[PDB]
Amino acid sequence: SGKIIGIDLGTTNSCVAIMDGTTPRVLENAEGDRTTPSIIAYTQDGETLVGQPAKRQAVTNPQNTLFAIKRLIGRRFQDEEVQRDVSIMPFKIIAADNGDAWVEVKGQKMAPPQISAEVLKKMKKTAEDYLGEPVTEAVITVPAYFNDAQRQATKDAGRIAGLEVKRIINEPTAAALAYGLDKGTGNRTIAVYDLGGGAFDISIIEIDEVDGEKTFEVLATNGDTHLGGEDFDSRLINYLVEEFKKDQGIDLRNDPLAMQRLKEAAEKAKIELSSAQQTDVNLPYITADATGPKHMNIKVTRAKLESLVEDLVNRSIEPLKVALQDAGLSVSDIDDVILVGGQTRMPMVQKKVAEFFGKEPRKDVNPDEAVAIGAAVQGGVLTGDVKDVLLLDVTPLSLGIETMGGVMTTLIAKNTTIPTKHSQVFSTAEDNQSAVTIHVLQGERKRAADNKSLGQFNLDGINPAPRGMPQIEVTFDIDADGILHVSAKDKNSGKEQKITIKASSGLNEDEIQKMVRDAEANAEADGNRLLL
Ligand SMILES: Nc1ncnc2c1ncn2[C@@H]1O[C@H](COP(=O)(O)OP(=O)(O)OP(=O)(O)O)[C@@H](O)[C@H]1O
Ligand SMILES: [Mg+2]
């Protein structure tokens with residue numbers, strides 16, 4: 001087995017922690033850094049770079065430097081978010097054979113779980129170097145608002161990296177574990193607002209101590225898995241592209257090398273503007289034309305930055321309201337506001353959040369490391385080293401089936417505690433109907449057509465009978481990772497026959513095993529309602 005390490009696999013930065021006895025501990029990587037860039041680069045010389053070495057050559061090799069893959073993992077190629085990023089990213093995003101979003105580097109097509117596995121592999125090696133023994137088990141983090149496919153593809157990424165994924169933990173829940181292990185015998189209700197490089201979560205969580213045992217219960221969660229600092233940077237990049245075009249007549253978007261330089265300068269400027277009132281983007285020799293070489297030199301004030309991204313910040317406030325509604329609490333029921341994630345260092349974000357809650361956020365939380373610490377505490381709860389700690393999480397989205405008339409029937413509502421087993425009995429719509437179609441849906445809308453479709457299977461062999469009489473029991477089962485299986489069985493089957501499916505499109509076992517072996521090639525180289 002070995003130690004169960006905790007990995008914060010982030011859109012921008014990743015971080016690994018372990019239990020040092022009863023104390024969680026973040027690990028420096030080989031470069032001496034407590035976090036590692038989630039960046040994967042393939043060189044012309046054919047080496048695979050992860051982290052800071054990948055980062056520092058991105059400007060000379062943008063097309064084969066992969067980043068922000070957490071914004072693609074488990075997504076369909078036809079996702080509106082993916083379609084937007086196809087034009088924006090320097091690397092090649094393509095459709096896999098099953099329609100998932102994939103990436104092509106130097107002619108080879110790659111599943112995002114393979115790429116993320118490179119980051120996980122680095123984090124795995126970092127712990128091994130520290131511990132001086134192999135690591136094969138891990139808790140890996142995902143955004144609370146990750147859907148089923150995104151969770152499953154992240155779990156695959158860990159398997160491809162040689163890790164047995166003992167738990168997929170939602171990122172605000174990990175942050176709550178890290179925050180609440182310290183504090184004593186005081187009942188607390190907390191709001192965890194996690195704005196990162198790629199995702200945004202809000203979770204409302206109660207921490208109660210029954211008698212010596214701390215219970216962590218998510219009351220509600222919400223967010224946006226494609227809202228993050230990458231979007232703040234993009235707004236600044238577009239403004240710099242526009243300002244340079246206006247007073248120089250050159251559109252830098254044709255130039256992938258200039259755009260990689262521009263992306264890096266914009267993120268640097270954004271960051272400096274969290275403590276300064278103004279700063280300069282200086283890019284010498286950014287381009288050239290018939291009149292000669294050209295340089296970008298433009299002042300960016302905090303005020304300009306704030307107007308460029310204010311609606312992104314406001315976009316994070318609306319999920320807060322829904323989360324308080326689903327928890328049935330007002331802002332004054334919230335004892336502590338916790339800001340997690342690098343993008344929460346922006347003063348405007350801090351000000352908007354504090355104003356909404358009417359309360360200043362806690363300062364005794366590490367916004368870069370609380371998620372990793374919590375992943376590691378989770379692993380100590382699983383082994384048993386951490387005791388008297390109970391975790392009660394939820395699933396974020398409403399899930400059900402289509403019943404007769406295009407109607408979505410919900411078997412699991414958003415914010416139901418997990419693991420979950422919800423069953424309901426359905427019947428045939430016609431007479432002597434020999435099969436029913438089980439069509440799985442995710443969403444809140446009344447019509448089945450307005451929700452997202454997740455999968456479908458048919459349960460056949462229903463004995464001919466009047467309409468409404470057969471008893472078809474459909475069961476929705478969600479495990480501790482937030483991943484869903486859907487079952488249907490005819491209650492009068494002699495052998496009690498039941499069909500079960502996974503809820504999401506993803507890798508099959510042939511692909512994973514091939515990718516697992518490619519990952520060791522690289523490591524040696526280095527009833528009432530009616531169913532139609
Ligand atoms: N001082 C700062 N001011 C504003 N933004 C910052 C600052 N420092 C870092 N950031 C931004 O924070 C983001 C990274 O935050 P973090 O490392 O928490 O993200 P992550 O956990 O990798 O992403 P996610 O949780 O969304 O998957 C980047 O967009 C970065 O530009
Ligand atoms: Mg994060």
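Residues numbered from 1 in each chain as written, not as in the entry; some residues may be left out. Chains lettered and ligands numbered in written order. Heavy atoms only, no water. Residues with missing side-chain atoms left out of burial classes, pairs and counts.

- Method of structure determination, per the deposited record: X-ray crystallography was used for this entry, reaching 2.1500 Å resolution.

A word on the overall build of the chain
Stage number 1. Summing up its helical and strand segments, the chain has 11 helices and 28 strands in all.
Stage number 2. Taking 24 Å as the expected radius of gyration for a compact globule of 532 residues, we find that the chain reaches 25 Å, a close match to that expectation. (Helix = DSSP H or I, 4+ residues; strand = E, 2+ residues; numbered from the N terminus. Rg over C-alpha atoms; globule rule 2.2 N^0.38 Å.)

A short note on the site of ligand 1
Stage number 1. Close contacts around ligand 1 come from 19 residues, with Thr11, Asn13, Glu267, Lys270 and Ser274 the closest.
Stage number 2. A distance of 2.8 Å is found between an oxygen atom of ligand 1 and a side-chain nitrogen or oxygen belonging to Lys70.
Stage number 3. For ligand 1, an oxygen atom lies 2.7 Å from a polar atom in the side chain of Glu267.
Stage number 4. Out of a free accessible area of 660 Å², ligand 1 has 90% covered by protein chains.
Stage number 5. Per element, the largest residue contribution to the shell around ligand 1 is 3 residues, and it comes from helix α7 (residues 256-272).
Stage number 6. Counted by class, the shell around ligand 1 contains 2 nonpolar, 12 polar and 5 charged residues. (Near = heavy atom within 4 Å. Polar contact = N/O pair within 3.5 Å; in protein donor to acceptor, adjacent residues only side chain to side chain. Areas by Shrake-Rupley, 256 points an atom, 1.4 Å probe, with all protein chains shown as cover. Nonpolar A, V, L, I, M, F, W, Y, C, P; charged D, E, K, R; others polar.)

So, the sheet that holds strand β15 (residues 214-224)
Stage number 1. The strand order across the open sheet built from 5 strands is β18-β13-β14-β15-β19, with neighbouring strands paired in mixed fashion. The strands lining the two open edges of the sheet, one partner per strand, are β18 (336-340) and β19 (389-392). With strand direction ignored, the average angle separating the axes of adjacent strands in the sheet is 20 degrees.
Stage number 2. With 8 bridges joining them, strand β13 (residues 188-195) and strand β14 (residues 200-209) adopt antiparallel strand pairing. (Pairing = 2+ DSSP bridges. Axes fitted to C-alpha atoms, helices over the stretch in contact; angles between N-to-C directions.)

Digging into the packing of helix α6 (residues 229-248) against helix α8 (residues 302-327)
Stage number 1. In the contact formed by α6 and α8, the axes pass within 10 Å of each other and the chain directions differ by 145 degrees. Both α6 and α8 take part in a crossing whose hand is right-handed. Contacts from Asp231, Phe232, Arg235, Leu236 and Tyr239 of α6 reach α8 at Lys304, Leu305, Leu308, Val309, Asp311, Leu312, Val313 and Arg315.
Stage number 2. In terms of residue class, the contact of α6 with α8 is built from 8 nonpolar, no polar and 5 charged. (Left-handed = near helix turned anticlockwise from the far one by under 90°. Contact = heavy atoms within 4.5 Å.)

Remarks on the nonpolar core
Stage number 1. Counting 54 residues, the largest nonpolar core has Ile7, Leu66, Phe91 and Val103 as the members making the most contacts within it.
Stage number 2. Counting residues per element, this core draws most heavily on helix α3 (residues 112-131), which supplies 6 residues.
Stage number 3. Ignoring sequence-local partners within four residues, the contact set of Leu66 consists of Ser38, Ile39, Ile40, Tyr42, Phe91, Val103, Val105, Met110 and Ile115.
Stage number 4. Within the second largest apolar cluster, 48 residues are counted, among which are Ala269, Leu283, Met348 and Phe357. (Core = buried A, V, L, I, M, F, W, Y, C linked by side-chain atoms within 4.5 Å. Buried < 20%, exposed > 50% of the residue type's maximum accessible area, 1.4 Å probe, protein only.)

Re the sheet that holds strand β9 (residues 101-105)
Stage number 1. Read across the open sheet, the 3 strands follow the order β8-β9-β10; overall the sheet is antiparallel. Since the sheet does not close on itself, it has two edges, and those belong to β8 (92-95) and β10 (108-110), each with one partner. Pairs of neighbouring strands in the sheet enclose a mean axial angle of 40 degrees, with direction left out of account.
Stage number 2. For β9 and β10, the ladder comprises 3 bridges, and the chain directions are antiparallel. Bridge pairing in β10 links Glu104 to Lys109.
Stage number 3. Packed on one face of the sheet, α3 meets β9 and β10 and runs near 80 degrees to β10.

Observations concerning the pattern of salt bridges
Stage number 1. By the definition in use, this model includes 35 salt bridges.
Stage number 2. Between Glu310 and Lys352 there is a salt bridge, with the nearest N and O atoms lying 2.9 Å from each other. Here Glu310 is found in helix α8, whereas its partner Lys352 is found in helix α9 (residues 347-357), with 42 residues between them in sequence.
Stage number 3. Judged by its relative accessible area of 34%, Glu310 falls in the partly exposed class. (Salt bridge = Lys/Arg side-chain N within 4 Å of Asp/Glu carboxyl O.)

Let's talk about the environment of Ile190
Stage number 1. Looking at the secondary structure, you find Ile190 in strand β13.
Stage number 2. Given a relative accessible area of 0%, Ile190 falls into the buried group.
Stage number 3. Placed 213 residues apart in sequence, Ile190 and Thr403 show a C-alpha to C-alpha distance of 38 Å.
Stage number 4. Other than its neighbours up to four places away in sequence, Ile190 contacts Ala176, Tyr179, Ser203, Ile204, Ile205, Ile207, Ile334, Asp336 and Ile338.

Quick word on helix α4 (residues 148-160)
Three- or four-residue spacings in an α-helix give side chains the same orientation, since the helix completes a turn every 3.6 residues.
Stage number 1. With 13 residues, α4 ought to run about 18 Å at 1.5 Å a step, and its terminal C-alpha atoms sit 18 Å apart, in line with that.
Stage number 2. Taken together, the buried positions of α4 are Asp148, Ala149, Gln150, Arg151, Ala153, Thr154, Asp156, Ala157, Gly158 and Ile160.
Stage number 3. Here the buried face of α4 lies against α3, β11 (137-142), β12 (164-170), β26 (484-490) and α11 (509-525).
Stage number 4. Among the residues of α4, the N-terminal cap falls to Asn147, whose side-chain oxygen and the backbone nitrogen of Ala149 are separated by 2.9 Å. (Expected span 1.5 Å × (residues − 1).)

As for the environment of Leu324
Stage number 1. Among the secondary structure elements, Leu324 is positioned in helix α8.
Stage number 2. Residue classification places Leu324 among the buried residues on the basis of a relative accessible area of 6%.
Stage number 3. Sequence-wise, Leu324 and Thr221 are 103 residues apart; in three dimensions their C-alpha atoms are separated by 8.8 Å.
Stage number 4. Sequence-distant contacts of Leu324, defined by excluding residues within four places in its chain, comprise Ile204, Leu329, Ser330, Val331, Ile334, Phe356 and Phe357.

Details of the side chain of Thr215
Stage number 1. With respect to the element layout, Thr215 can be found in strand β15.
Stage number 2. The exposure class assigned to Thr215 is buried, which follows from its relative accessible area of 14%.
Stage number 3. Contacts of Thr215, omitting those with residues within four sequence positions, involve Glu206, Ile207, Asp208, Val210, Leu390 and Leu392.

Section: unusual backbone geometry
Stage number 1. Cis geometry marks the peptide bond from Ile418 to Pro419; its omega dihedral reads -5 degrees.
Stage number 2. Assignment of secondary structure puts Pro419 in the loop between β21 (407-412) and β22 (420-428).
Stage number 3. Located in the positive-phi region is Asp388, a residue other than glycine, with phi close to 55 degrees.
Stage number 4. Summarising the element assignment, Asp388 is placed in the loop between α10 (370-383) and β19.
Stage number 5. One non-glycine residue with positive phi stands out, namely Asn432, at about 55 degrees.

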